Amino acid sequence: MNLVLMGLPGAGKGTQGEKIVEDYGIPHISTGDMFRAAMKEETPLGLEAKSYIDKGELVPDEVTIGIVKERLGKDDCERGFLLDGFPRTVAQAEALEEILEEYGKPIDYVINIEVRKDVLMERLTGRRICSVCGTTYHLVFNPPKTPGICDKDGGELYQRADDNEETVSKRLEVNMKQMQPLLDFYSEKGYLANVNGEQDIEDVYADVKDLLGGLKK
């Protein structure tokens, strides 16, 4: 089960991906999560990425494709994987095609979680993340049991630094402008599977499951 999860900032990629990886047993490979782990470790990858991420810009294609090429070479991708937030540009998608050909791990489908731009500020500004495990909540749409604390581990919730309104606007503009060529790319391959992301979390997931049940062993 070799999958890409794509969608605009805030569309619910992490929310759905967490469910997918628990139910279907494939690794969750989020480039945003990778860059943030690098930044927390203060590695050289993290320092290079940080300049772009803090401004809401895309990290350049070449280093992004490099981190993904190396990640997809691990033994845990041999029966399937869930890329989340990559590819984000058509050049990334072209590069991934070639990587996956050499690796013998061709994509089955690209799931596109479709959500109107106008709804995404409110998703991102109300988002609260667990400092311990990185699971996401929303103050209105998906609140924790105990305000300000993760259900799983009692960790303090925070706001991601790029979830401020200015940076969210830049992220939306930047990502909208890259999205259409990417959708065109995958629609021409036939791999693109669109899901309505403006439903209850469990209803988006039910639609995801309708596709993935046809791909499991």
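From 1 onward, residues are counted along the sequence shown.
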property	result
Of 77-85 and 124-132, the one with larger mean CA B-factor	124-132
Mean temperature factor over C-alpha atoms, higher-scoring stretch between 13-21 and 190-198	190-198
Maximum C-alpha temperature factor, selected from 139, 113, 100, 110	139
Largest Cα B-factor, entry values, listed residues 59, 179, 26, 65	179
Chain thirds of CA B-factor: placement of residue 104	lowest
Among modelled residues of the same chain, the CA temperature factor third for residue 119	highest
Chain-relative CA temperature factor third for residue 47	highest
For residue 167, the third of its chain into which the C-alpha B factor falls	highest
Residue 183 - Cα temperature factor, lowest/middle/highest third of chain	middle
